[PDB]
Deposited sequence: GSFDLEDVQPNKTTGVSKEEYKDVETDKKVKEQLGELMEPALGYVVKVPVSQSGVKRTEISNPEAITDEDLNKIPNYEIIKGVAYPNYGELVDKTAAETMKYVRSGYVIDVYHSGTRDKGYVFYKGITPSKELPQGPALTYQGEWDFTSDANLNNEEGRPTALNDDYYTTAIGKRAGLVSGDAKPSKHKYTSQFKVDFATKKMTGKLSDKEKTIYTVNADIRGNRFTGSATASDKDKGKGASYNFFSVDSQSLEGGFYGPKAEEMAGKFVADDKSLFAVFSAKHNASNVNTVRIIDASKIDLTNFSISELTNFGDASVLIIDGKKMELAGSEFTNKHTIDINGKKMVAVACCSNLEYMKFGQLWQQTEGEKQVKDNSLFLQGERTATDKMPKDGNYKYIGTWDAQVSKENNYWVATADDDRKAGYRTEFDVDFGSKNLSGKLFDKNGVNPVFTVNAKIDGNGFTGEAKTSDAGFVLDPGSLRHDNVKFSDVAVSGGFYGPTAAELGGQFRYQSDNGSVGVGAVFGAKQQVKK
């Protein structure tokens, strides 16, 4: 009597290779080997690290400069930022063909909640390394002992911002960000002069755009402008639980300059709506952890590496190898486009280590949420109930008749939600859910049958949290976890359901 609502597929926007999101990026300062005349900015290496106080490839440049009688200096902006770092680590007494250092940015906890209201002003700093260019036609200067500590400016080795004297140069960054229009503007300035202007569109908790140069004229000699070329590849992200901070980068179009930046807003009374759900329930501790997500629920991020969850069938298995070590995940479903839920474990031996459930979803815009209507949501769920050492496991399927089903009555009018979570070939539901709808989410309680559920296990009022996903809120997802005695009985469960149309 019910079938899935005809929905338009999620529009796939192909990025370009320099616009792939990550926790951070790092670039080795260009040093022209011999007898190369021009060494361009190489490809930015992605950072998969969640340690802020760790500078990328620090031990390498350290090991290079010191036996060569050099001294390291690092600007990471750790003195002012909480969730982000940006800047450099370079060799002050660099000469010759040995490595000079790195220019980078990184951040932790990409935002799942964005501010709501007026545009925000983020303030911070930016840094940069230039390409290396020996050619005399280029006309890069020699001996500007008033501006830089360095004799040959960007010739054998790139010009880093740390080579400049503070007496004459301060590189500041300022951005104005509207999360409503999902738009961003800003300026990268030296002292009071505007070097770059930046434009960007916000998608998820990332932003992609361009940096236009204020001074297009390259010039020559002591009047050489290292910031004449634009960049159509500015990419960054918001960090902090509520987009408290932001960091990013851009590479010049002719790869003559690579610039990084970090900034933070000071705003007083910031209201936040949620945009991203990404959670992981551990099926042993029954504790819950946040997953790193950038606004694509069909992509799971573990230890920094990327595993895509979408596939050709209803539920798809995907396997990836990370630092530790080989990870497997089963993801559902194929009819869900703005959310993904499933299982996630590590395949050590037959056995599984770190068994888990996960739920990701791209929240429905708070203004896109229906205010009137009464709908039906049919879907499925993954779960694990366990008293002592015997287990009951729910595994997502497409058997709408007699599988692990989830049925939901949703009234946007009264803002009420009810749900039934079934076992395979079960007439009466194992779990019943009663939740209240607020904004683009719902919070409520789950209870067993009034007589109990035997693997006997019985409990009432376990905290259930969920949300509506997609532009039309035609998809909903949720989760609940609980344990007693710490820990005798445990329950972990995640569910998903699609909006239905009759007949």
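Unmodelled regions (deposited sequence positions with no C-alpha coordinates, counted from 1) are 1-19, 369-370, 477-484.
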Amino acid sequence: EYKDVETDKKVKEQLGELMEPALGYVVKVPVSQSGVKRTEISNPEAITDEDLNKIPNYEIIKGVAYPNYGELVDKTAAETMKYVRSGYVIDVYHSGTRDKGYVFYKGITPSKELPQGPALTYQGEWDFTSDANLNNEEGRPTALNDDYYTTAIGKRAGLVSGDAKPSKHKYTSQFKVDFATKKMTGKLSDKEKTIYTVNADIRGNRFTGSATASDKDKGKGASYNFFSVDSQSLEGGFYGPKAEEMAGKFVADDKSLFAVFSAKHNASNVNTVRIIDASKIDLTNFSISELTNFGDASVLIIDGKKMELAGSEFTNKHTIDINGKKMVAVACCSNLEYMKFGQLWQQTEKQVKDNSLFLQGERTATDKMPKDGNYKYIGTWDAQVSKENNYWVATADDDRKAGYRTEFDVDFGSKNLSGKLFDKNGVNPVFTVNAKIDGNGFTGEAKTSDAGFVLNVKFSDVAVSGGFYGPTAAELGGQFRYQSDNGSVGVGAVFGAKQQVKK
From here on, numbers count along this sequence of modelled residues.
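Mean C-alpha B-factor is higher over 386-394 than over the other stretch, the pair under comparison being 386-394 and 429-437. Taking only CA atoms, the mean B-factor in the PDB entry is higher for 34-42 than for the other of 463-471 and 34-42. Out of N293, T129, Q346, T208, the entry records its largest CA B-factor for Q346. Reading the B-factor column for the CA atoms of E192, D321, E245, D254 in the entry, the top value corresponds to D321. Per the deposited record, the Cα B-factor of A493 falls in the middle third when ranked against the other modelled residues of its chain. Ranked within its chain, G304 lands in the highest third, by CA B factor from the PDB record. Annotation for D74: CA B-factor lies in the middle third of the chain's modelled residues. Per the PDB record, residue ranking by Cα B-factor puts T185 in the lowest third of the chain. Sort the modelled residues of the chain by CA B factor and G444 lands in the middle third.
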